[PDB]
C-alpha cells in the first residue's frame, strides 16, 4: 500500500553538495518527495528527535554531528515507501552496506551515513509528525 516515511539528507551529504544525486535515487526508485525543508537543527530539535538514544554512548556525537550543519528533512511517499527507503539506503553502517546503496556510495562512518530513513510504520508516523505539520505535507 502507498506509505509515507521520513527521510533526512544529513550534514555530510548536504555539505558534499550531493543533494540532487540523493533525491534522484529516491525519485528513480518510485518515491515522491511530498514535503521538504532545509534547516540547521537546534540542540533541542536534534535531541528531541533522537530521544530514544539519550542513554547510548554515541548520543553526544550523534547530536553533535546532526547539528553540525544544515540538513534536509522531508517526507517520501510511494508504494511500500517505508521498506523501499530502507533498501535504497542500505545498512546503517556504510561498511556493511551493499554496493550501489546510498550509504555505501555516499557515507564515511556509521555516524556520517549520509541519510536517515524511518524503520517502521510506527516510527515513520512519529518522525513525520516531529518535523512536519500535516498541512505542510503536499499531496500528489
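Numbering follows the first chain given and starts at 1.
The stretch with the higher mean CA B factor, choosing between 96-104 and 67-75, is 96-104. When the C-alpha B-factors of 120-128 and 19-27 are averaged, 120-128 comes out higher. When the CA B factors of the chain's modelled residues are split into thirds, the value for residue 37 lands in the lowest one.
Among the modelled residues of its chain, residue 5 has a C-alpha B-factor that falls in the lowest third according to the deposited record. Residue-level temperature factors show residue 84 in the lowest third of its chain, judged at the C-alpha atom. Ranked by Cα temperature factor within the chain, residue 62 sits in the highest third according to the deposited record. For residue 46, the recorded CA temperature factor ranks within the middle third of the chain's modelled residues.
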